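Don't worry about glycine lacking a Cβ; one is built from the backbone with ideal geometry, like all the others, and counts go over all protein chains shown. Please treat every number below as a calculation from the coordinates, not as lab data.
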Ligand SMILES: Nc1nc2c(ncn2[C@@H]2O[C@H](COP(=O)(O)OP(=O)(O)OP(=O)(O)O)[C@@H](O)[C@H]2O)c(=O)[nH]1
Ligand SMILES: NCCc1ccc(O)c(O)c1
């Protein structure tokens, strides 16, 4: 050949096949053979216990607080409302500058909320301001694409995902990108921090998910297997597994130590994509927010579909389980967060 | 602790009344998305609206026609894979698709993008206002006769100018046939899907046109009229 | 991992013929609408022709109408662009792109730099 | 073209020298974490209406 | 008797149908908050409540008196005739309102979406119900309507309350719906122009079908009764049995109103998930 591009393409494919062999080498059994003797969960019929109204447009992101009581919701009317989920009272109603918010987070200390969207800016708002009104405190600039998701580590570090195919760890005070994560080809759509803040994964429109080491700025693992755009992601509560949902109407569970897909959750009556995924507190139940307006609760061990949450009249855009596992909330484009248990 | 329940209740009261005023303002604002390839004049259209009618390469503009507010925004700072942030625009009143009718080879890109927009699962109900921009340059190319449409779209050779065409005073029939051919090339896709949930409204525009707000007003009004009709099963 | 391997394509005189075979591996071929996107040297990506999920409805760019054909075989899991009467301007790399979503009629796959579900190209050169 | 290829190749070389465990053990860990936490998952084990914060007063 | 038992079963079926349709609309509204969100739905709920009142208050007593042949309630029936004049007039009134409602949302969508706020909706519903209550009860308790228990109406009160309750709403509804038809014809011509350009009277039949169903059910159900209220007391000509069947047609319309005003797709699905 001689042309260094063709020699790199050849050694690239050679490496990809060494990776496929080292991955199938440890793929001794399947999850179904191992989990064939467990009893099925049966039927899980949760009911709407609360309905949280007020939003004037489609809800696009939501996030429980650490106390499992408060939650922040971002709607595309330019608002970010904080709810006391027990009493359905609104604690704050923060107007936004750019009305196209796409993500919103709740700092684990409850001191700050964040949000961003097509403005390519992550805005931090201090809920504990003293003299006056909750207003903007910091504002993280730098992305050349739309910001799709963000989650706090602590009151000073926050990670963002953007449509410029990169993720970034920020120091909120200095406003500098203390660490940049590059390598995705398509738009990064969702990220989920491990329960120990140490690593985080991201799913992009190149049908690939990547595991990133937060502190070192290097891409540790790249997982493939999905046929189309990955729309949602969430670590297994243990930290050594994570689930992805994609537009190909399938959910997939990947393991970190085995470095391959473990199980695929699908039904031949399910064709529409997937918008959100999240495990229960014990990880036995996997909730997914399909486009057909329902949320299916799958048994994460048997790949069987178990229950449905048919309470939304339009696409379920986001969801989230409390940190104590007592209830799950679902935000949809009908502008009504709903609490279920 | 009853004090804290009453404080939460009155915080909810002040919030809900702020949210009620916000609901009325947002409810009365007609959001308009400006879309189209680049080198087509989207940002120039927004620039023209801010200077003629008023407003706020900046993404947004806010303007009033007959006491009805509109907010037209063109997204500029993204990549070219518009396949995912486009779903952020499902509730807009209309999409204003602007197409450089004088760029004979990036025109197929505009046709493919319009077709992909028209059949999108999440924009199935978003009506589109079609702006066939740069008509003066199109007339320049047609009168020059150096780059003919037939070399890129051979159908144009057998194409007949529609009998309903209304050319403006002083226009060569070749230019009329060219611009109505591009019009029907986009209308055959917009009408091939059907279902009545949304429609396409073509308009011939140039960069110096000043009435390009009354046209958007008229057509947003037409869109709302037809939505209200198709709701009561009349139309 | 979704990957598309194209084959065929070499030096061919004007008015000749060729057949570019695009084999897909890593998904279900039948569900996705397929396109042929060619890139001529020195210009951006250009879209040539698309065939639906089962060869039901096909469509072509004007310039290649009446010259090229596009066939899809789900059995062998591939599609073929059979080109005849090639002109000196048909010189281009030929990616065989797939749109990113199943069970639909729309796609946005002529992207400027990076789209993840199109192949690498077989530079078809045609000159005298 | 060449820089994204050098980065893709170096990424594959870093990823190649990882040590993977058997899937059987990874599944045994998932089953262990599931049944190890089964008694604290209210959506799996339904909670009495007395301890339900969304039905009480 | 054969005829008597047939009239009995038919009237019981009519009452049960009215009750079922109107209580179904009212339940689908109270249970589902996504139907109460709009404003046109406010007006349809007002109509449904008016019709449910027609049924529960007015129909069964008249049906019993028609079967038994003698009015077994006596002093009640004063009240009863008042009830009739109220309930059978909040219904027609409400139709008028709904019609006007539709007009504002097709003839002026911007002004509509801006001005028709729940305050104006409540004012309009209130006007309908209060016009009803006034014109019915006030002349009854003052014994102005009178010139087995008598239910005939004085010659001047008949024509007056008739002119209001029917002839103002039917004029308003015909004017409104013919304007809505003009608008739909304009839009049809435009879309047809565009589609013929692209290709180079089904939608007309659809327009006609829906407008004809609405206006024609309303008219063919109520108009005979009100031309009778016009002609009868002056010429007191026809008999009580014919007048009674033409009366019953009005409450038959009060039965049909749900299927004609609450079969939007979401209404259909709410009914389907309620009843099963
Ligand atoms: N002569 C003439 N020039 C036009 C006309 N319309 C657009 N242009 C030119 O085309 C250029 C491209 O338009 P832009 O303002 O850059 O908008 P855009 O290219 O479609 O989108 P952006 O690149 O994001 O700005 C403008 O600078 C105008 O000078 C026209 O009708 N007549
Ligand atoms: N059974 C309906 C009788 C009726 C109803 C309304 C009137 O205004 C009226 O004069 C008479």
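For residue A:268 and residue C:120, a Förster radius of 30 Å and the Cβ-Cβ distance give a FRET efficiency of 0.35, rounded to the nearest 0.05. Listed peptides A:211-224, A:136-149, E:43-56 appear in the order E:43-56, A:136-149, A:211-224 once ranked by packing, highest mean of other Cβ atoms within 10 Å at the front.
With Cα atoms defining each centre, segment A:162-181 and segment A:301-341 are spaced 30 Å apart in the structure.
Sort B:117-128, B:3-14 by packing, meaning the average of other beta carbons within 10 Å per residue, with the highest value first.
With the highest mean Cβ count within 10 Å placed first, the list reads B:117-128, B:3-14.
As a size descriptor, the averaged projected area of the C-alpha convex hull of the protein assembly as shown was calculated at 52.3 nm². The angle between the Cα long axis of helix D:2-16 and the longest principal axis of the Cα atoms of chain D comes to about 60 degrees, rounded to the nearest 10.
Between residue E:190 and residue E:108, the C-beta separation translates, for a Förster distance of 25 Å, into a calculated FRET efficiency of about 0.85.
Of all the options A:94, A:274, A:230, the one that moves most in a Gaussian network model of chain A with Cα springs shorter than 10 angstrom is A:94. How far is helix D:23-36 tilted off the main Cα axis of chain D, in degrees rounded to 10, range 0 to 90? That works out to roughly 20 degrees. Distance between the modelled labels on residue B:188 and residue A:130, one decimal in nanometres: 7.1 nm (7 Å Cα→Cβ projection).
Calculated on the alpha-carbon coordinates, the convex hull of chain B measures out at 182 cubic angstrom per residue. Let me know the shape class of segment A:1-106, please: from the alpha-carbon gyration tensor, a ≥ b ≥ c as square roots of the eigenvalues, rounded when a/c is under 1.5, otherwise prolate if a/b is greater than b/c, or oblate. Since a/c reaches 1.5 but b/c is at least a/b, the shape of segment A:1-106 is classed as oblate.
Averaging Cα coordinates gives a centre for segment B:81-121 and one for segment C:77-94; these two points are 27 Å apart.
Please check which bits of segment A:234-267 a label hung off residue D:40 would reach, taking the label as a point 7 Å along Cα-to-C-beta and the cut-off as backbone N under 19 Å. Output list for this probe position: A:235-241.
In this calculation the C-beta distance from residue C:43 to residue E:146 is compared with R0 = 56 Å, giving a FRET efficiency of 0.05.
Shape of segment E:1-154 from its Cα gyration tensor (a ≥ b ≥ c, root eigenvalues): rounded if a/c is under 1.5, otherwise prolate when a/b > b/c, or oblate? Note, shape of segment E:1-154 comes out oblate. How far apart, in nm, are two points set 7 Å out from the Cα along the Cα-to-Cβ line at residue B:147 and at residue C:76? About 4.0 nm separates the two model spin labels. Averaged over the residues of peptide D:32-39, the number of Cβ atoms from other protein chains lying within 10 Å of each residue's Cβ is 5. Shielding value for B:221-231 is 6, the average number of Cβ atoms from other chains within 10 Å of each residue's Cβ. Between segment E:202-265 and segment B:1-39, what is the separation of their alpha carbon centroids in Å? Rounded to whole Å, the Cα centres lie 45 Å apart. With both labels modelled 7 Å from their Cα along Cα-to-Cβ, the residue B:62 to residue D:21 distance reads 5.6 nm. Note on D:6-12: average number of Cβ atoms from other chains within 10 Å of each residue's Cβ is 5. Using a ≥ b ≥ c from the Cα gyration tensor of chain D (square roots of the eigenvalues), is it rounded, prolate or oblate, where a/c under 1.5 gives rounded and otherwise the larger of a/b and b/c decides, a/b for prolate? In terms of gyration-tensor shape, oblate. Take every pair of alpha-carbon atoms less than 8 Å apart whose residues are at least six positions apart; their mean separation over the length of segment A:302-341 yields a relative contact order of 32 percent.
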